Amino acid sequence: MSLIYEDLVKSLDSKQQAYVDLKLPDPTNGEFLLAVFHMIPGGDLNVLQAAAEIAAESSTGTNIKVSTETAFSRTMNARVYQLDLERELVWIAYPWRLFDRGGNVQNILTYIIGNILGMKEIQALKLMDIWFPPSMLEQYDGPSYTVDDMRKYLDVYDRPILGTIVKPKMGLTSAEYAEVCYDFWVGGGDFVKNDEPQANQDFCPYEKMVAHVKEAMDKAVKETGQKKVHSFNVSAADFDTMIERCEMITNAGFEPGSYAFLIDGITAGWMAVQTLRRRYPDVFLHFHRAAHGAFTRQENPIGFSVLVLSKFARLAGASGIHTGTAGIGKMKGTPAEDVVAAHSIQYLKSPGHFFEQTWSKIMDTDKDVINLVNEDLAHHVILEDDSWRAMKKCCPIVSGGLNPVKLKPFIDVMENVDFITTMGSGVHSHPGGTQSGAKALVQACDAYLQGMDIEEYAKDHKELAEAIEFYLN
Amino acid sequence: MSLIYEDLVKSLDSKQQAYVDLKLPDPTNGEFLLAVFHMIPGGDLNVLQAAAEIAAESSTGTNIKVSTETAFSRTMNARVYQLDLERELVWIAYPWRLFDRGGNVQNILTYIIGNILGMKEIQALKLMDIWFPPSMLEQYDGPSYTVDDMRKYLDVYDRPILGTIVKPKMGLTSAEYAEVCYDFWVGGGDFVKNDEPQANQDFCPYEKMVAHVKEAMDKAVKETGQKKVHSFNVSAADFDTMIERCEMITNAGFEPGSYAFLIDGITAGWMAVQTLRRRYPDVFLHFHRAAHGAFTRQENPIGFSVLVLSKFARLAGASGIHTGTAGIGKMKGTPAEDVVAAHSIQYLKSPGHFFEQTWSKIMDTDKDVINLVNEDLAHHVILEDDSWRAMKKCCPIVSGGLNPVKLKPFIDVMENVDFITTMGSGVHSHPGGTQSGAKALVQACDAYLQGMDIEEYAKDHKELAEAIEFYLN
Amino acid sequence: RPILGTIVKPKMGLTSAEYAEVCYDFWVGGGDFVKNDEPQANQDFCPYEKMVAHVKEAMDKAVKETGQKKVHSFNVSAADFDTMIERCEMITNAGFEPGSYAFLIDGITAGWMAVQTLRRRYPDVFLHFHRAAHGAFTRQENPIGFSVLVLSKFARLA
Amino acid sequence: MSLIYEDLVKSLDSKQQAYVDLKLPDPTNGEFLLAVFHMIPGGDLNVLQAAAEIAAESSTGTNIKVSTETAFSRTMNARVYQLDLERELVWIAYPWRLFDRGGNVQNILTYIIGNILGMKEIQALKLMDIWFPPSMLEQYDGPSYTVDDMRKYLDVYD
Ligand SMILES: O=C(O)[C@@](O)(COP(=O)(O)O)[C@H](O)[C@H](O)COP(=O)(O)O
Ligand SMILES: O=C(O)[C@@](O)(COP(=O)(O)O)[C@H](O)[C@H](O)COP(=O)(O)O
Ligand SMILES: [Cl-]
Ligand SMILES: [Cl-]
Ligand SMILES: [Cl-]
Ligand SMILES: [Mg+2]
Ligand SMILES: [Mg+2]
Ligand SMILES: [Mg+2]
Ligand SMILES: [Mg+2]
Ligand SMILES: [Mg+2]
């Protein structure tokens, strides 16, 4: 085994022994959800003892062996099966029979990123990656409406979906809000999203915002001759107010496919996400992630990675989630963290950080799955008539202090154009305002698509020229 | 102003100028939600420029001033009004007109601990404290069912409510679960709670668990002549499953006051917390906080404090919330954090960290508020017939690696007994089992109340003597 | 010619998604009929509601690709009368093309009352009688019981 | 282990080895429905190959190992874990996860006293006893009305 490992194993209590199995036959057999954590002990206990306590507390156990313990309960124990003592990593196998039925995501998180995060026996504890076996992946929903469905509605292919966020973040009225929408759309933009805290403030009655946005869209659609989309912030105080807001939009007379529902998944919760997925499965569910920084940032030893968050959004059924600008914009931080996460939600097969994931439902050795993976890499729309085989894609939403000049840099690190980009400041701060602001973004996209440098395309494209002058000088 | 504070103000952009008012006349006038963050800038920006940036992003702004901005929108800018450069603290005033109506708590959190946690222009960002003006508090629910109401039902006063959590955390069946309930209650325990991830697993049908607990309670109540409570985990995949589980308990048909509803508030979400408060206002709402460590853990420089979590739980209407053992048990970590938070939710008037909080609704100078406060400090039940005057009590739940030998030490740090304590491993791991574990916990409470040393009290109480032997070895 | 069919194997262990792949593979390779292995039902890892759904999708594709109509015989055996009709009604509203589904009942373990309930409630669906446990009655080594002739004749009468 | 049992183990094919564990560490752990059959083989096959074949057909297996088999399906395999060769008895452990949910009894009997009764490879196959772990009993109804309730209506006692 190794002298060190045999000694670490001899150091375990009768309690700890039950949450360790460094000779686990097949972790990828289907019985388990696999997890890897960055872990650092917080004194008294050694690495294997601390890993055995973390496993106990995220599964069936507690601080001391209890008299109420059964033999059947021991079969549900999570078990430490692998360790990297240099990189300080811990591999724990979680029996997915531990999880609450009916496809509950908050329950998985209650175990693997719950109570364990507050244990004084750890100094750092970051959940880095997880593996969902086909047997478990089948118990959850997964996305029912995707970016492919949106693209079919918009008729927008082989480029990113060009979006904006209505800015100011707060303070505009329901009339002023709709003007910002109209101007972005009519200027050539595709998608408008509500800034995350914009809801029913006394000066912007939700009922009026919805009616004006519907009128504004109708105008932009007739003038441009092109379909447009609005992602509405549907987060509320409670279940009933959210549904009241969903139904306001649902009954406003929008053309099906032209409206999406945004939810602040971290603050509103994973229950509001699943509710929306299940109640409105033919509407694009946009997961905004405000407050994830406590979990995901480099500076924080305790929490979870952006890959984990992104993977759980796809499992829960989010049509899209914000994955970051790989540090090109205003938020932290890198292509290593952000593009790995985007690829885990975009593709059928991905590396990603520690566990390679194929989002099938059936075995990845079946010729038909191998085909789907190949077809996926060729940029063909899959799972239209064979949904049972795999979980559908969850779209990256790239936002955070971007502008037309930061587009080509982001696509280069991304290695593809199957994402939604949203630029607030980068559009509404433009010298000529939102319409010119939108044209600059459109122009920078056309430049990229026809292999040109923006400075060369800008020679006969005023809005992009002004943007380059403004966003650099 | 001062030499350095002058230079810092001269360094601000026309945009950053808009989110700074160091000469704010009256921050406590009632227009603002006051907040204080611990903050360190992350290169390129100075303290005031970073603070102006945070303020913009947590109210009405973005990284560049926008053409779409209005004079009316500027009225709602959050303002940096005070600093402590040595202690690295910044005070920001948030107009509560920013916040969504209908008493939406997730929307507050979306601004003040949302996107700003992810900004690369900070190294640390920890929200330490908040101040709710009487005007704002009236727009929120606050608790409707309190520990005063549960103590009335139970007929338990002048001591903590002594409870347990059913252990194993997972693996027991619905019938095995009900035996652990009965044994604790019949041994002298008041309160039984579902361990946070306990729900509808395949081997513990929720419907059977509920029915056996109904029967188990009746047997225990009848044998002890003493009323008992059960806190059920109603956290589910979605809204509709949660109400179905709540409604299953509602018709079980327990005696009113004998059941509470538990919600994994962080993972389930604030919308779930609010839904239960508004839907079941005459049921004790129990806020379990699994996953809070990402935000509240000292090792993490980005997030928010335990005081803040606890204060927003009372605002949303939890009848109780977990506050910690002040580092006496297995979680992190101190009286400075844990007792301050408890006191904020227990009492009408509190210090707490940076803002003194009187939870009135009306002006803290009315002689009637002064009386409520004097009466509260005397441990007299308030707000039975004058609820309009102030927001009600939110109960500290003290859990995490405690045993009867750690009961006194916590009370000494707490400075009172108005709380619920749950001991899972400290009861079920008793060498005599759950019934002896409960007897040991009851005996330790009596020893504390009587002012007797446990080692002395245990000379004529075997279950306590056994606990002292076991838990100190 | 004979109707060429399969039984989804393994007998137990596949999920509802995996089950439907086996169905698709058989029908697309030229097979006509797929039946549930007799003890395949609503086990925790193969939700019956999901199985019916994926089988409806799997079939549609196999019919489109082969240009040939296909059939699935669904194990409708349950704990009781009410659960059995719940399963039947799930299939009845899934919504398959009439003729493309049959109902399978373990007539010895479930009973002759389950066999007659399905005949009378669903007269326009093929009633597939599976005889698991008949060996105690029919087996030549057993002196007491009844013949395969008797069992088969009574099933025709029912 | 014993030379008689060692050669009996060595006779097992790849498929049969999957449904045998004579070293099952805890058959009463709660995961299994324990069974004991009085069995005699049907010629060609020995005691343990016949047992491993019965175990196969009573759980997840079939005559020949299949391409469609998954690692997750092998976890629900019934395992032969004890033998009394003189008494002609074989003990099989059945994962209760195999059985149809909602406390369906018809289904338990379709596995443990179904198709296996008609198999060529046995002369005798009598299920003598079974053992229900507490985890399993809680998934089933059990009686609601009893003779203690009848005796109270009747006032008939002792
Ligand atoms: O509020 C903002 O800052 C944004 O609207 C972007 O506005 P700008 O386009 O004006 O920067 C987004 O909410 C953030 O991108 C969220 O971060 P992430 O996508 O990283 O979750
Ligand atoms: O699962 C647990 O660990 C507990 O049930 C305690 O059990 P023990 O009594 O066996 O430790 C609680 O959920 C934690 O105390 C929560 O932490 P906090 O109270 O800090 O939110
Ligand atoms: Cl080991
Ligand atoms: Cl100033
Ligand atoms: Cl063996
Ligand atoms: Mg925003
Ligand atoms: Mg295939
Ligand atoms: Mg717990
Ligand atoms: Mg007065
Ligand atoms: Mg069969």
Side-chain angles (χ1 to χ4, degrees), chain A residues 100 102-107 109 141 196-197 199-200 206-207 210 232-251 261-281 283 285-288 316-318, chain B residues 99-110 140-145 199-200 206 232-250 260-283 285-288 312-313 315-319:
Chain A
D100 176 29
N104 184 357
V105 174
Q106 73 70 216
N107 191 248
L109 302 182
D141 279 353
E196 72 282 328
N200 188 49
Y206 207 84
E207 214 179 2
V210 175
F232 285 105
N233 176 34
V234 118
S235 330
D238 55 26
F239 169 31
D240 292 300
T241 310
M242 142 179 293
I243 300 300
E244 181 194 63
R245 287 177 185 168
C246 292
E247 288 290 308
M248 224 164 285
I249 302 153
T250 288
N251 302 312
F261 297 146
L262 177 149
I263 188 59
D264 278 279
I266 282 62
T267 61
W270 290 88
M271 286 187 61
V273 179
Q274 294 186 252
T275 301
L276 287 168
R277 163 57 183 80
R278 296 175 168 188
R279 288 174 80 108
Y280 307 84
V283 177
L285 177 48
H286 179 170
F287 190 131
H288 191 273
Chain B
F99 313 143
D100 187 27
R101 304 286 181 156
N104 189 339
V105 178
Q106 70 77 232
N107 192 251
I108 300 165
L109 301 177
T110 286
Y140 294 86
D141 274 359
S144 43
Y145 191 94
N200 195 38
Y206 203 86
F232 292 94
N233 176 35
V234 299
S235 309
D238 57 21
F239 169 32
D240 300 285
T241 302
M242 185 206 226
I243 298 306
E244 170 192 287
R245 284 175 190 172
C246 288
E247 216 61 35
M248 240 181 274
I249 300 156
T250 288
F261 296 154
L262 182 160
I263 184 60
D264 312 341
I266 307 299
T267 64
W270 293 80
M271 286 187 45
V273 172
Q274 300 213 225
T275 298
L276 291 179
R277 168 55 178 77
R278 294 179 182 193
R279 287 241 180 166
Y280 303 99
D282 299 315
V283 185
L285 172 49
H286 183 158
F287 193 129
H288 198 274
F312 278 106
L315 191 77
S319 307

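Order of the sequence lines fixes the chain letters, A, B, ..., with proteins taken first and strands second; residue numbering starts at 1 for each chain. FYI, side chains are in, hydrogens and waters are out, and symmetry mates aren't considered; it's all heavy atoms of this structure.
Each of B/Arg278, B/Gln274, B/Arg279 was evaluated against A/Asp240; a single residue qualifies, B/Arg279, per the side-chain hydrogen bond (donor to acceptor under 3.5 Å, both in side chains) test.
Of all the heavy atoms in B/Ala237 and A/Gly102, the pair that sits closest is CB-O, 3.8 Å. Closest approach of B/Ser235 to B/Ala199, counting heavy atoms only: O-CB, 4.5 Å. When all heavy atoms of A/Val273 and A/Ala316 are compared, the pair lying nearest together is CG1-CB, 4.4 Å.
Separating the CE atom in A/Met248 from the CD1 atom in A/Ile243 is a distance of 11.5 Å, to the nearest 0.5 Å. Taking CD1 from B/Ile263 and NE2 from B/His286, the interatomic distance works out to 11.0 Å, rounded to the nearest 0.5 Å. Atom CH2 in B/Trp270 sits 11.0 Å away from atom CD in B/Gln106 (nearest 0.5 Å). The structure places OG of B/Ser144 at 8.0 Å from CG of B/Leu285, a figure rounded to the nearest 0.5 Å.
Remark: A/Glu207 CD is loosely packed, at most 12 non-hydrogen atoms of other residues, nucleotides or ligands lying under 6.0 Å away.
Put simply, the side chain of A/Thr275 does not reach to within 4.5 Å of the side chain of B/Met271, judged on heavy atoms. The shortest distance between side-chain heavy atoms of B/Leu276 and B/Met242 falls below 4.5 Å. Under the 4.5 Å side-chain criterion, counting only non-hydrogen atoms from C-beta, A/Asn233 is not in contact with A/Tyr206. Inter-residue side-chain proximity for A/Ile249 and A/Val234 is flagged as met; some heavy-atom pair is nearer than 4.5 Å. Here the side chains of B/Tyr140 and B/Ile108 are in contact, with some heavy-atom distance below 4.5 Å. Two residues are said to be in side-chain contact when any heavy atoms from C-beta on lie closer than 4.5 Å; A/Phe287 and A/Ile266 meet this criterion.
The backbone N or O of A/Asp100 sits less than 3.5 Å from a side-chain atom of A/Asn107, completing a donor-acceptor pair. For the pair A/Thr267 (side chain) and B/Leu109 (backbone), a donor-acceptor distance under 3.5 Å is absent. The main-chain N or O of A/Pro197 is never found under 3.5 Å from a side-chain atom of B/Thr110 such that the two would form a donor-acceptor pair. A donor-acceptor contact shorter than 3.5 Å links the side chain of B/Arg277 to the backbone of B/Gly142. Between the side chain of A/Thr241 and the backbone N or O of A/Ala236 there is no donor-acceptor pair closer than 3.5 Å.
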